[PDB]
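First comes the structure, then the notes that go with it.
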Amino acid sequence: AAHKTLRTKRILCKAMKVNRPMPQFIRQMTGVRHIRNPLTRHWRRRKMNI
Amino acid sequence: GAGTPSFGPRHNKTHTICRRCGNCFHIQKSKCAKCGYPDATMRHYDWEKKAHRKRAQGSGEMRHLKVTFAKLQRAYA
Amino acid sequence: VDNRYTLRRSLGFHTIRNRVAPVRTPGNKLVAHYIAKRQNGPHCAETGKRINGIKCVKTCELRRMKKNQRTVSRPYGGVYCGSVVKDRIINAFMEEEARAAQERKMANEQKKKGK
Amino acid sequence: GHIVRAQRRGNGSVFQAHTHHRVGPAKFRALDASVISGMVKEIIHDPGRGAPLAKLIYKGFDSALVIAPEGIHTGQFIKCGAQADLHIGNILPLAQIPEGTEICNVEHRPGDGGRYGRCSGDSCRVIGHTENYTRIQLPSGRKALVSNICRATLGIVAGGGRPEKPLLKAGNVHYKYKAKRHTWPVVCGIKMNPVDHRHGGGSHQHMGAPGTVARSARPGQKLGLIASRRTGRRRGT
Amino acid sequence: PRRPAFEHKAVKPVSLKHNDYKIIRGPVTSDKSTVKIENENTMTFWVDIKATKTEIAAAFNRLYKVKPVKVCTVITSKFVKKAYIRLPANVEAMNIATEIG
Amino acid sequence: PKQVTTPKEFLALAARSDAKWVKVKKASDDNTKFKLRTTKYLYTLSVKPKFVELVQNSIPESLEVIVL
RNA sequence: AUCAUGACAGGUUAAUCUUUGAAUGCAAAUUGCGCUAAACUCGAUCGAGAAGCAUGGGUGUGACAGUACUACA
RNA sequence: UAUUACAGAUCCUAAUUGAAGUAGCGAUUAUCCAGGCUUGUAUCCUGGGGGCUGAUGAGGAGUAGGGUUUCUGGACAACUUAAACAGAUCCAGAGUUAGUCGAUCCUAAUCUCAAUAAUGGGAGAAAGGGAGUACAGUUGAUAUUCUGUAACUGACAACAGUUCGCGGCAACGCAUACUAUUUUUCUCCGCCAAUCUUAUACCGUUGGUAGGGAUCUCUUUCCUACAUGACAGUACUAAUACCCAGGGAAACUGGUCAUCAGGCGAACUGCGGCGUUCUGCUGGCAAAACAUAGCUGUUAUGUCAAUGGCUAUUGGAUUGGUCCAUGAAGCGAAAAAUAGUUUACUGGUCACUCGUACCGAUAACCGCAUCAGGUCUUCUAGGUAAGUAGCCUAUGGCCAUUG
RNA sequence: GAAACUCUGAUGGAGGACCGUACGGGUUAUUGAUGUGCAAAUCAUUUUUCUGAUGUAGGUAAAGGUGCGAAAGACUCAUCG
């Protein structure tokens with residue numbers, strides 16, 4: 001960046017909208033506990049390698 | 001010499017995302033190391049029988065193929 | 001005062017196309033303005049000299065100018081300058097005149113056998 | 001052992017000719033049946049080759065980068081053909097030319113391009129006319145039957161006496177082999193270890209083995225003096 | 001020249017599919033778009049990612065019956081297209097926005 | 001943005017059916033500038049206060065005139 | 001939504017079937033660069049979309065090339 | 001009937017001791033005092049001292065790479081070698097606007113298919129080639145992209161008015177088509193050295209007026225400000241290159257910093273020709289912008305006059321030297337010649353696609369990490385001095401660092 | 001000075017010339033500091049080079065009994081007889 005391609009930009013979009021906390025209502029629905037979002041990361045710690 | 005200082009100028013990318021594999025496509029050599037694109041046949045060897053069955057059928061959706069298993073259950077039961 | 005100024009275009013390096021000059025604005029702010037390229041303009045074949053009566057601008061913006069200012073009026077107007085055209089007239093006359101006089105010569109010489 | 005620097009020139013990755021600024025292949029026009037006049041448009045210098053080239057025009061204008069005899073000038077009229085007279089410039093078949101005279105860029109086969117006697121300050125000499133085969137002496141000493149129909153430029157090639165002046169500095173030879181090809185600088189075989197070269201190894205630097213080898217000797221093995229019917233100081237003869 | 005003996009694909013589709021209604025998804029609700037409506041007379045919309053400015057200008061005209069002056073086209077970090085559509089001087093952008101709501 | 005010397009040539013440029021407005025504007029040395037807008041260019045006309053009164057009348061009636 | 005004009009996390013079959021991939025209009029680290037008789041569909045004669053257009057080989061159909069063979073001029 | 005009894009295998013996996021509240025809390029300029037917000041600050045903010053960085057700066061900006069780190073609001077379980085209301089941390093929302101900047105288009109080194117009835121096609125550069133944009137304003141984050149104002153380039157349409165080739169001895173000037181073939185030019189090219197000169201910066205002699213700083217004494221003082229974009233025009237001043245007309249050169253003359261030039265035509269004269277630079281005068285243009293003064297958004301005045309650089313950088317001009325080194329191609333554009341077909345020229349609409357935030361090492365890249373390492377480039381102030389050294393200081397940025 | 005030429009001063013700016021800058025290229029010495037490092041090769045002072053056989057960036061070529069090597073068995077992703 002800048003000067004990213006479009007299909008590069010498509011991946012970086014999907015990588016940041018997927019990065020969030022898990023919703024509250026799944027724990028209320030299924031009753032499971034201790035499920036983490038796997039595709040959470042931090043930009044500084046883990047690099048994507050894409 | 002060969003350690004921390006020489007890690008500095010490591011900014012170029014040897015491999016790039018591959019269309020068929022989507023995973024390690026060699027930019028200079030232009031071949032997907034994992035799948036062999038663009039060779040029409042897809043890369044696997046019998047020495048990597050472990051790593052092959054991660055890629056091969058069953059791993060994905062099987063949209064067309066799962067309904068053709070399900071027919072053959074009904075006909076013989 | 002601080003009179004230092006950034007490059008505006010996203011190319012960093014100091015190539016021939018990316019060259020700047022500092023300029024005062026209306027607003028008392030120094031700023032990069034980019035230098036358009038130099039043009040040599042039409043030299044001649046033979047010798048290798050500058051022809052007169054035409055600007056060295058780009059040949060693309062030479063099209064936008066009038067058909068007057070694209071050329072010089074003579075035969076071989078753009079390509080050849082003056083004295084080289086004089087020499088071509090003198091040689092291409094006397095090459096053809098010697099060849100024409102050769103046809104007069106071989107007409108006149110062979111008639112001596114009859115008389 | 002490893003593969004030796006003599007063997008590694010074949011595979012041809014870094015050992016290719018630096019052929020970028022070279023202006024073109026120096027040869028005659030093709031044969032095509034008398035006499036044809038040709039103006040020297042200009043004489044130019046191409047990199048690598050020590051001789052000049054002279055670009056001719058056989059005016060359409062058909063071009064030909066012919067290699068340059070000495071005493072050619074710009075806007076001379078060169079005359080390729082049989083019935084062209086003798087000047088330094090002109091391109092005659094070997095039927096027509098007198099014996100005991102110096103010629104340049106002589107062809108082996110007719111209509112070829114030009115083969116023997118091309119480098120700067122060289123010339124094939126003509127011995128005598130047999131019948132079909134005009135016998136000529138090449139610059140080395142060797143003598144060659146060549147057919148009388150095939151062509152040769154008249155006179156000696158330009159740029160003579162370039163090795164008369166030595167190159168004092170390693171830098172002058174760096175710029176010499178930049179135009180040509182990578183083959184320099186040369187590390188000597190004794191200096192290298194035994195795996196790298198045949199002559200290498202040992203506590204004290206020395207060759208050890210006879211250092212003079214057959215035509216039958218293999219790749220890897222042909223190093224040093226190949227099939228040397230004499231050695232040492234060539235005193236007389 | 002070529003002429004096939006039968007149609008290959010006989011079934012034509014039922015509607016346009018790539019429609020005026022499915023180019024323009026709907027308006028964007030932010031604090032920036034609120035200012036650009038009031039000040040510059042300039043709307044904002046989420047758009048299809050393959051839609052051009054020529055497609056948007058015609059599609060905006062067919063729905064709301066106002067021919068736009070300019071269209072300027074972002075693709076966001078969310079990877080959906082945003083279209084800043086300037087309306088002309090006569091119509092007010094608040095009056096078009098109140099109809100939609 | 002070109003300048004035009006002659007007051008006669010200005011009135012030829014005014015009556016083209018290109019021009020959208022003329023702008024009257026006071027200047028230094030008690031002059032004034034009549035800035036004719038055209039689609040391409042902006043034709044200015046510097047004048048002295050002798051012939052200032054006549055030129056405004058000369059201008060076509062249809063063309064709008066914005067005073068500053 | 002209830003003795004049915006029939007609820008939905010049920011099970012089939014048929015539609016619809018985004019960008020890709022043998023991937024196939026030509027390419028590709030690019031949302032790059034093309035082509036088309038009618039019909040289709042909006043668009044007001046003429047634009048657009050929709051849908052076409054790969055290589056190899058088989059049988060048929062047509063066209064071109066030849067001082068290849070031959071007859072009649 | 002058996003995957004059947006453990007203290008050891010530098011055994012395997014999982015948890016946990018002593019050492020030990022010990023080693024240690026580094027590197028980076030320097031902190032101090034009063035307020036604000038709070039249960040709570042040396043640390044977060046304000047004000048005032050004292051300092052540091054000291055134009056290759058922890059300044060302002062970009063390639064490659066990172067990928068939301070950018071912005072506003074709320075939050076402190078953890079992390080940022082103590083503390084914390086702070087943060088590049090956590091949470092919720094928001095943000096990247098182009099016919100003119102790039103990509104796209106062309107080829108280079110190089111790679112890959114096809115044909116041989118062929119003489120190629122395609123790929124390959126976000127530093128090469130490459131048509132065309134500038135100023136001012138605005139947001140919490142975007143701007144050569146938005147708004148205002150002024151340009152410019154290309155393609156596709158009809159339509160109105162002109163026009164059917166002339167000037168100069170000459171150099172050349174002025175209003176003229178299209179297809180094709182061939183030929184030539186621009187694009188277009190190494191490195192080094194010298195001289196001259198615009199622009200920008202800086203230092204200067206001469207004054208001046210606006211505001212602010214300083215004052216026991218002295219200083220008609222000190223500081224800030226004194227500015228005009230792309231683009232378009234036509235004056236004569238005066239340059240050097242080259243060419244033309246006259247002129248017709250040894251008692252050789254003219255000329256450079258330097259080499260030099262000339263009967264293949266020098267000096268020299270023309271209110272010669274022409275190209276590139278230059279000075280002045282305008283348009284753009286004061287309506288904007290900035291600084292004072294006053295009124296509640298806007299009204300006043302003002303941004304002036306003269307003329308040097310022995311200083312530097314940049315663009316350009318005029319030249320020289322050097323090489324067994326001679327320093328890209330292609331697309332594209334124009335011209336000319338030779339055929340043939342001819343009337344031409346000047347003056348509404350539209351401009352697709354994709355990138356655009358921020359960092360660029362100083363904590364945002366690579367080194368497992370907020371690592372004294374490493375990694376390409378840009379704008380470059382004053383004084384001292386030979387200085388892009390070292391040392392000191394305005395603009396800008398800072399107290400990075402447990403007490 | 002009879003000549004062939006050679007004395008003095010300026011002009012000029014050649015050289016793989018010299019001194020010397022850097023967030024340039026190298027890495028000599030203190031066998032300094034560090035050695036539970038800031039660092040799986042660093043830091044300080046000193047030293048070498050600084051228009052060139054120069055440094056450097058991107059693209060591109062060469063692949064494991066091979067490659068490449070101004071040659072140390074060097075280097076070929078902290079790995080190399």
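Labels for the structure tokens follow display order: chains A, B, ..., residues from 1 in each chain, ligands from 1.
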Using only C-alpha atoms, which residues of chain A come within 12 Å of chain B, and what is the closest atom pair for each, with the distance in Å to one decimal? Give it as CSV, sorted by chain and residue number.
```
residue,atom,partner,partner_atom,distance
A:7,CA,B:17,CA,9.8
A:8,CA,B:17,CA,9.1
A:11,CA,B:17,CA,10.5
A:48,CA,B:23,CA,11.8
A:49,CA,B:16,CA,9.5
A:50,CA,B:17,CA,7.0
```
Please identify all polymer residues within 9 Å of region 25-34 of chain I, counting only C-alpha atoms (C1' of nucleotides), omitting same-chain residues fewer than 3 positions from it, and present them as a PyMOL selection string.
chain I and resi 37+42-50+54-55
Write out as an MDAnalysis selection string each polymer residue whose atoms come within 12 Å of residue 6 (chain B), counting only C-alpha atoms (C1' of nucleotides); drop sequence neighbours fewer than 5 positions from it.
(chainID B and resid 1 11) or (chainID H and resid 366:367 373:375) or (chainID I and resid 41 77:78)
Would you mind listing what lies within 12 Å of region 282-299 of chain H as JSON, numbers by chain, with only C-alpha atoms (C1' of nucleotides) counted and same-chain residues fewer than 4 positions away left out?
{"C": [25, 26, 27, 28, 29], "F": [1, 2, 3, 4, 5, 23, 24, 25, 26, 27, 28, 33, 34, 35, 41, 42, 43, 44, 45, 46, 67, 68], "H": [134, 135, 136, 137, 148, 149, 150, 151, 209, 210, 211, 212, 224, 225, 226, 227, 228, 229, 230, 231, 232, 233, 234, 235, 303]}
At a cut-off of 12 Å, using only C-alpha atoms (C1' of nucleotides), what residues contact residue 96 (chain H)? Leave out same-chain residues fewer than 4 positions from it and give the result as a list in words.
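Returned residues: residues 1 and 2 of chain A; 73, 74, 75, 76, 77, 78, 79, 81 and 82 of chain E; 68, 70, 141, 142, 143, 145, 355, 356, 357 and 358 of chain H.
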Those residues you just picked out, can you put them in a file as a PDB file, in the first residue's frame with C-alpha atoms (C1' of nucleotides)?
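Generated output (part.pdb):
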```pdb
ATOM      1  CA  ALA A   1       0.000   0.000   0.000  1.00  0.00           C
ATOM      2  CA  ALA A   2      -0.794   2.326  -1.442  1.00  0.00           C
TER       3      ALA A   2
ATOM      4  CA  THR E  73     -16.856   6.555  -7.116  1.00  0.00           C
ATOM      5  CA  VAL E  74     -15.065   5.107  -4.059  1.00  0.00           C
ATOM      6  CA  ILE E  75     -14.497   1.470  -3.181  1.00  0.00           C
ATOM      7  CA  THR E  76     -14.416   1.302   0.624  1.00  0.00           C
ATOM      8  CA  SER E  77     -12.278  -0.718   3.074  1.00  0.00           C
ATOM      9  CA  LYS E  78     -15.469  -2.825   3.524  1.00  0.00           C
ATOM     10  CA  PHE E  79     -15.270  -3.643  -0.250  1.00  0.00           C
ATOM     11  CA  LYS E  81     -18.802   0.762  -3.765  1.00  0.00           C
ATOM     12  CA  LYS E  82     -19.825   4.250  -2.604  1.00  0.00           C
TER      13      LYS E  82
ATOM     14  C1'   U H  68      -6.677  -0.070   9.380  1.00  0.00           C
ATOM     15  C1'   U H  70      -5.540   6.828  10.377  1.00  0.00           C
ATOM     16  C1'   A H 141     -10.240  11.945   9.474  1.00  0.00           C
ATOM     17  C1'   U H 142     -10.099  12.873   1.894  1.00  0.00           C
ATOM     18  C1'   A H 143      -7.787  16.156  -1.596  1.00  0.00           C
ATOM     19  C1'   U H 145      -9.398  13.723  -6.640  1.00  0.00           C
ATOM     20  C1'   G H 355      -5.204   2.652  -6.741  1.00  0.00           C
ATOM     21  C1'   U H 356      -5.922   7.088  -3.324  1.00  0.00           C
ATOM     22  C1'   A H 357      -6.563   6.633   4.803  1.00  0.00           C
ATOM     23  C1'   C H 358      -1.877   6.286   7.920  1.00  0.00           C
TER      24        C H 358
END
```
Using only C-alpha atoms (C1' of nucleotides), which residues of chain B come within 12 Å of chain G, and what is the closest atom pair for each, with the distance in Å to one decimal? Give it as CSV, sorted by chain and residue number.
```
residue,atom,partner,partner_atom,distance
B:13,CA,G:29,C1',10.3
B:14,CA,G:29,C1',11.0
B:15,CA,G:29,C1',9.5
B:16,CA,G:29,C1',6.8
B:17,CA,G:29,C1',8.1
B:18,CA,G:29,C1',9.2
B:19,CA,G:20,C1',7.7
B:20,CA,G:21,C1',5.9
B:21,CA,G:21,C1',9.1
B:22,CA,G:20,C1',10.2
B:24,CA,G:29,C1',11.8
B:25,CA,G:29,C1',9.5
B:26,CA,G:29,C1',9.9
B:27,CA,G:29,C1',7.3
B:28,CA,G:29,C1',10.4
B:30,CA,G:29,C1',9.9
B:37,CA,G:21,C1',10.4
B:38,CA,G:21,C1',10.7
B:39,CA,G:22,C1',10.2
B:40,CA,G:22,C1',6.5
B:41,CA,G:22,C1',8.1
B:42,CA,G:22,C1',10.1
B:63,CA,G:17,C1',11.7
B:64,CA,G:17,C1',12.0
B:67,CA,G:12,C1',10.3
B:70,CA,G:12,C1',10.2
B:71,CA,G:12,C1',9.7
B:74,CA,G:12,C1',10.6
```
Contact set, chain H to chain E: 9 Å, only C-alpha atoms (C1' of nucleotides), as a PyMOL selection string
chain H and resi 68+94-98+139+147+352-353
Selected residues written out, N, CA, C and O atoms (P, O5', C5', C4', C3', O3' and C1' of nucleotides), as a PDB file, in the first residue's frame:
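So out_11.pdb came out as:
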```pdb
ATOM      1  P     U H  68      -5.671  -4.842   9.780  1.00  0.00           P
ATOM      2  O5'   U H  68      -6.237  -3.591  10.587  1.00  0.00           O
ATOM      3  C5'   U H  68      -5.358  -2.718  11.315  1.00  0.00           C
ATOM      4  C4'   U H  68      -5.801  -1.285  11.156  1.00  0.00           C
ATOM      5  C3'   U H  68      -7.274  -1.001  11.465  1.00  0.00           C
ATOM      6  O3'   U H  68      -7.437   0.089  12.373  1.00  0.00           O
ATOM      7  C1'   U H  68      -6.677  -0.070   9.380  1.00  0.00           C
ATOM      8  P     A H  94     -20.792   2.943  10.734  1.00  0.00           P
ATOM      9  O5'   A H  94     -19.778   4.123  10.394  1.00  0.00           O
ATOM     10  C5'   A H  94     -20.227   5.491  10.402  1.00  0.00           C
ATOM     11  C4'   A H  94     -19.057   6.446  10.387  1.00  0.00           C
ATOM     12  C3'   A H  94     -18.215   6.466   9.116  1.00  0.00           C
ATOM     13  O3'   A H  94     -18.831   7.236   8.086  1.00  0.00           O
ATOM     14  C1'   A H  94     -16.800   6.476  11.014  1.00  0.00           C
ATOM     15  P     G H  95     -18.491   6.949   6.545  1.00  0.00           P
ATOM     16  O5'   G H  95     -16.947   7.324   6.439  1.00  0.00           O
ATOM     17  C5'   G H  95     -16.518   8.690   6.279  1.00  0.00           C
ATOM     18  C4'   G H  95     -15.010   8.768   6.218  1.00  0.00           C
ATOM     19  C3'   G H  95     -14.361   8.177   4.976  1.00  0.00           C
ATOM     20  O3'   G H  95     -14.410   9.104   3.888  1.00  0.00           O
ATOM     21  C1'   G H  95     -13.177   7.492   6.920  1.00  0.00           C
ATOM     22  P     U H  96     -14.407   8.589   2.361  1.00  0.00           P
ATOM     23  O5'   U H  96     -12.866   8.283   2.083  1.00  0.00           O
ATOM     24  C5'   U H  96     -11.910   9.342   1.864  1.00  0.00           C
ATOM     25  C4'   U H  96     -10.727   8.841   1.068  1.00  0.00           C
ATOM     26  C3'   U H  96     -11.050   8.104  -0.233  1.00  0.00           C
ATOM     27  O3'   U H  96     -10.080   8.381  -1.241  1.00  0.00           O
ATOM     28  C1'   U H  96      -9.741   6.719   1.139  1.00  0.00           C
ATOM     29  P     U H  97     -10.309   9.546  -2.316  1.00  0.00           P
ATOM     30  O5'   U H  97     -11.735   9.197  -2.938  1.00  0.00           O
ATOM     31  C5'   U H  97     -11.895   8.571  -4.228  1.00  0.00           C
ATOM     32  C4'   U H  97     -13.068   9.177  -4.969  1.00  0.00           C
ATOM     33  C3'   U H  97     -12.733  10.312  -5.935  1.00  0.00           C
ATOM     34  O3'   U H  97     -13.547  10.226  -7.100  1.00  0.00           O
ATOM     35  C1'   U H  97     -14.326  11.064  -4.384  1.00  0.00           C
ATOM     36  P     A H  98     -13.088   9.339  -8.352  1.00  0.00           P
ATOM     37  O5'   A H  98     -12.307  10.385  -9.262  1.00  0.00           O
ATOM     38  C5'   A H  98     -12.978  11.530  -9.816  1.00  0.00           C
ATOM     39  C4'   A H  98     -12.003  12.389 -10.584  1.00  0.00           C
ATOM     40  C3'   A H  98     -11.501  11.797 -11.902  1.00  0.00           C
ATOM     41  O3'   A H  98     -11.265  12.837 -12.849  1.00  0.00           O
ATOM     42  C1'   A H  98      -9.669  12.166 -10.481  1.00  0.00           C
ATOM     43  P     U H 139     -13.868  23.568   7.958  1.00  0.00           P
ATOM     44  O5'   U H 139     -13.919  21.997   7.692  1.00  0.00           O
ATOM     45  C5'   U H 139     -15.167  21.273   7.715  1.00  0.00           C
ATOM     46  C4'   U H 139     -14.923  19.781   7.757  1.00  0.00           C
ATOM     47  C3'   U H 139     -14.225  19.246   8.997  1.00  0.00           C
ATOM     48  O3'   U H 139     -15.134  19.102  10.084  1.00  0.00           O
ATOM     49  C1'   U H 139     -13.362  18.201   7.039  1.00  0.00           C
ATOM     50  P     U H 147     -17.427  18.975  -7.189  1.00  0.00           P
ATOM     51  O5'   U H 147     -17.596  20.422  -6.545  1.00  0.00           O
ATOM     52  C5'   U H 147     -18.642  20.697  -5.593  1.00  0.00           C
ATOM     53  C4'   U H 147     -18.408  22.026  -4.910  1.00  0.00           C
ATOM     54  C3'   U H 147     -18.043  23.203  -5.805  1.00  0.00           C
ATOM     55  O3'   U H 147     -19.199  23.752  -6.434  1.00  0.00           O
ATOM     56  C1'   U H 147     -16.598  23.163  -3.936  1.00  0.00           C
ATOM     57  P     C H 352     -14.583   8.808 -17.001  1.00  0.00           P
ATOM     58  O5'   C H 352     -15.172   7.375 -16.631  1.00  0.00           O
ATOM     59  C5'   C H 352     -16.502   6.984 -17.027  1.00  0.00           C
ATOM     60  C4'   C H 352     -16.516   5.557 -17.520  1.00  0.00           C
ATOM     61  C3'   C H 352     -15.819   4.531 -16.643  1.00  0.00           C
ATOM     62  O3'   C H 352     -16.623   4.180 -15.520  1.00  0.00           O
ATOM     63  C1'   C H 352     -15.238   4.162 -18.906  1.00  0.00           C
ATOM     64  P     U H 353     -15.992   4.185 -14.046  1.00  0.00           P
ATOM     65  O5'   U H 353     -14.970   2.965 -14.090  1.00  0.00           O
ATOM     66  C5'   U H 353     -15.405   1.640 -14.448  1.00  0.00           C
ATOM     67  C4'   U H 353     -14.220   0.719 -14.615  1.00  0.00           C
ATOM     68  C3'   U H 353     -13.231   0.684 -13.462  1.00  0.00           C
ATOM     69  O3'   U H 353     -13.720  -0.169 -12.431  1.00  0.00           O
ATOM     70  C1'   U H 353     -12.061   0.812 -15.521  1.00  0.00           C
TER      71        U H 353
END
```
With a cut-off of 12 Å and counting only C-alpha atoms, select all residues of chain D in contact with chain C and give the selection as a PyMOL selection string.
chain D and resi 41-42+74-75
Create the file for the chosen residues now, containing N, CA and C atoms and written as a PDB file, in the first residue's frame.
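Listed below is the output, selection.pdb:
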```
ATOM      1  N   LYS D  41      27.225   5.354 -46.805  1.00  0.00           N
ATOM      2  CA  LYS D  41      26.423   6.324 -46.080  1.00  0.00           C
ATOM      3  C   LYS D  41      27.183   6.855 -44.883  1.00  0.00           C
ATOM      4  N   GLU D  42      27.811   5.942 -44.156  1.00  0.00           N
ATOM      5  CA  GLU D  42      28.601   6.304 -42.992  1.00  0.00           C
ATOM      6  C   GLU D  42      29.434   5.129 -42.514  1.00  0.00           C
ATOM      7  N   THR D  74      33.566   8.509 -46.443  1.00  0.00           N
ATOM      8  CA  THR D  74      32.115   8.680 -46.509  1.00  0.00           C
ATOM      9  C   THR D  74      31.714   9.332 -47.833  1.00  0.00           C
ATOM     10  N   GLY D  75      30.724   8.745 -48.504  1.00  0.00           N
ATOM     11  CA  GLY D  75      30.361   9.132 -49.867  1.00  0.00           C
ATOM     12  C   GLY D  75      31.366   8.742 -50.940  1.00  0.00           C
TER      13      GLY D  75
END
```
Residues of chain F in alpha helix (DSSP H) according to DSSP, as a list in words?
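Matching residues for alpha helix (DSSP H) in chain F are residues 7, 8, 9, 10, 11, 12, 13, 14, 52, 53, 54, 55, 56, 57 and 58 of chain F.
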Dump as a compact mmCIF listing (two decimals), in the first residue's frame, selection limited to C-alpha atoms:
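Here's the written file out36.txt:
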```txt
# COMPACT_ATOMS: atom_id res chain seq x y z
CA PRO F 7 -13.43 48.41 -27.89
CA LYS F 8 -14.89 47.52 -31.34
CA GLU F 9 -13.50 43.95 -31.31
CA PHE F 10 -14.92 43.42 -27.78
CA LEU F 11 -18.48 44.00 -29.08
CA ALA F 12 -17.93 41.43 -31.86
CA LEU F 13 -16.96 38.89 -29.17
CA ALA F 14 -20.00 39.87 -27.04
CA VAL F 52 -16.15 54.20 -19.71
CA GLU F 53 -19.77 55.44 -20.02
CA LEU F 54 -20.24 54.65 -23.72
CA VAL F 55 -19.03 51.05 -23.64
CA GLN F 56 -21.61 49.81 -21.15
CA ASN F 57 -24.34 51.10 -23.49
CA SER F 58 -22.54 49.45 -26.39
```
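The residues of chain B that DSSP assigns to strand (DSSP E) on this backbone come out as residues 15, 16, 25 and 26 of chain B.
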If we count only C-alpha atoms (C1' of nucleotides), what is near residue 41 (chain E) at a cut-off of 8 Å, once residues fewer than 6 positions away on the same chain are taken out, given as a PDB file with C-alpha atoms, in the first residue's frame?
```
ATOM      1  CA  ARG E  86     -24.091  15.622  -7.112  1.00  0.00           C
ATOM      2  CA  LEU E  87     -27.626  16.812  -7.940  1.00  0.00           C
ATOM      3  CA  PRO E  88     -28.147  19.947 -10.112  1.00  0.00           C
ATOM      4  CA  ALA E  89     -28.947  23.434  -8.764  1.00  0.00           C
ATOM      5  CA  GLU E  92     -32.656  20.173  -3.183  1.00  0.00           C
ATOM      6  CA  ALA E  93     -30.956  17.042  -1.809  1.00  0.00           C
TER       7      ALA E  93
END
```
Work out how far CA of residue 126 (chain D) is from CA of residue 96 (chain D), in Å to one decimal.
11.7 Å
State, in Å with one decimal place, the distance from CA of residue 49 (chain E) to CA of residue 80 (chain E).
6.1 Å
Set the distance at 9 Å and use only C-alpha atoms (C1' of nucleotides): which residues neighbour region 31-41 of chain A once local chain neighbours fewer than 3 positions away are removed? I'd like the list as number ranges by chain.
A: 15-16, 18-22, 26-28, 44-48
